[PDB]
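So this first bit is one chain, no partners, the form deposited in one PDB entry, shown in structure tokens.
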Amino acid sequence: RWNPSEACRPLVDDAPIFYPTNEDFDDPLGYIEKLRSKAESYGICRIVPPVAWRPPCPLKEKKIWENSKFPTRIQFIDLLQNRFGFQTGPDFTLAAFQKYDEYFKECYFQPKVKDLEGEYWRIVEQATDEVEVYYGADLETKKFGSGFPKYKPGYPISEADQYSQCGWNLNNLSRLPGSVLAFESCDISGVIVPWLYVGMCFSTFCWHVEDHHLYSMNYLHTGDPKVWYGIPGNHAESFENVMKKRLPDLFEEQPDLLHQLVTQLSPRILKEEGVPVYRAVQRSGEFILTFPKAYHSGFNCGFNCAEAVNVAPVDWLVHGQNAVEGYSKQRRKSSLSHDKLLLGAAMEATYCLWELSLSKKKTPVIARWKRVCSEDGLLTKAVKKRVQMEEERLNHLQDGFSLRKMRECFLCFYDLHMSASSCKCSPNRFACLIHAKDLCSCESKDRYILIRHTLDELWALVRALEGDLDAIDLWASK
């Protein structure tokens, strides 16, 4: 079934590859921050851990490897570009799935990475026959278990414990100090608690971008390589347009195709249309880093098991803001509360400044928070921007609206953590301040607004980030 004479490998330049020291790996967020200047213009990058950094994998224990079940879905590789969703497949264990991957490869190819790539794109672009494969995607590490070790009390000291404490352990990455996801109490699947992906030959994750345009970190625990293609964030729009222009219209039946994640488009076609694409080959024991609003896709070269999680350093905030605004225009539901995270970061920073006031010990965390909140600080800019948005929206209404001190918009599903407009007629139903008028049609006397913080309190927060001790004192008490 393999036809190497008609291979269709695209000519894609390689994404950058990094080799961090041990010291570099002692501080994940700082290293990511430094990687930004070098690799954000690419969209993705490959990260090779220092020599001998390789955590044990609990999934390999036979109680899980042989007996733990996960569902799969069916992908028709020949239909990914030229033609809908991935149908239910059979249940698998890791052992069974590895076995079937072996069977499949031997039948199919009677093979190095580039051969596999050429054949994959041959199937996608110009299919001679139908090719179906199974994919175990978005598996929740809570039920099944994580690929990373966890600390277990009552055991002798081992390297496993050290790995379980590590910041590059994807179970710990999301809520590290410096990542605003730490201010979300719920263990959101995928976003804060890592997802597991079990792949076989040709298993595909189509073109997509992360929810809220977050950072994405992926670790390949075991198995065959995974081929990645990535688009720079600043070209996202371009990509989108090309998708509308090179598959016209697989955007008719479903204006919402981009977010369905069932469509593949060759990097060849993207390059002919002027969209820069970069390539990475992820092998077991390696990381793939994905930047805000950076489209990515790819496929597996055989049986493997990967883990993925989100992270949100302060420099993401801007993007994040944009994202939810976009969602509001798209009438799409959010996966998290942005204002909650922003406010959380602001209050944490304010607390650190307040601690500096009392001449308490200066810690690396306190330092990091301080360097992002002055007049020029990124956090301060984010908060100030948000507050300005609130002021403008508030000004547009409250003609008799009335206010009450303290949830999605009924119309655009905007998260209402900060403020929510409602009426007497319809309690338990809310609108964002943009669509406050669209809620009811009642007279102003019956309208009103739930508000978490008065406007002067918010401006006080902005001032506190800029270093006013009275404002700092005020917000430290919250």
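Residue positions are given as counts along the sequence shown, with the first one as 1.
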Task: Interresidue gap class [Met406, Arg407; deposited sequence, unmodelled] - done: 4 to 9
Task: Count class of coordinate-free deposited residues lying between the neighbours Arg83 and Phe84 - done: 10 or more
- [ ] State which stretch shows the higher mean Cα B factor in the entry: 423-431 or 40-48.
- [x] 423-431
Task: Greater mean Cα temperature factor according to the PDB record, 57-65 or 438-446 - done: 438-446
TODO: Select one of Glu119, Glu253, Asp187, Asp161: the residue whose C-alpha shows the highest B-factor in the crystal structure entry.
DONE: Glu253
- [ ] Among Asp115, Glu348, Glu325, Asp376, single out the one with the highest C-alpha B factor in the record, please.
- [x] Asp376
Task: Chain third (lowest, middle, highest) by recorded CA B-factor, residue given as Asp24 - done: middle
Task: Lowest, middle or highest third - CA B-factor, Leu173 - done: lowest
TODO: Consider only the C-alpha atoms of the modelled residues in this chain, order them by B-factor as the entry records it, and name the third containing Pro225: lowest, middle or highest.
DONE: lowest
Open item on the list: Quick check on the deposited entry: does the C-alpha B-factor of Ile451 sit in the lowest, middle or highest third of its chain?
Closed with: highest
- [ ] Within this chain's modelled residues, let me know which third the CA B factor of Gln87 belongs to: lowest, middle or highest.
- [x] highest
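What comes next is about the form solved in complex with a partner chain, which does not appear here.
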- [ ] Could you confirm whether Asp101 comes within 4.5 Å of its partner chain in the deposited complex, counting heavy atoms only?
- [x] no
Open item on the list: Given that its partner chain is not shown alongside this chain, does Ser357 nevertheless sit within 4.5 Å of it in the deposited complex, heavy atom to heavy atom?
Closed with: no
- [ ] With heavy atoms only and a cut-off of 4.5 Å, decide whether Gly233 touches its partner chain in the deposited complex.
- [x] no
TODO: Indicate whether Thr222 is a 4.5 Å heavy atom neighbour of its partner chain in the deposited complex.
DONE: no
TODO: Could you spot which one of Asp161, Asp339, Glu184, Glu390 gets a heavy atom to within 4.5 Å of its partner chain in the deposited complex?
DONE: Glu184
- [ ] Go through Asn172, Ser335, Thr93, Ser284 and name the one with a heavy atom inside 4.5 Å of its partner chain in the deposited complex.
- [x] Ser335
Task: Options 374-382, 391-399, 121-129, 188-196; stretch whose heavy atom lies within 4.5 Å of its partner chain in the deposited complex - done: 188-196
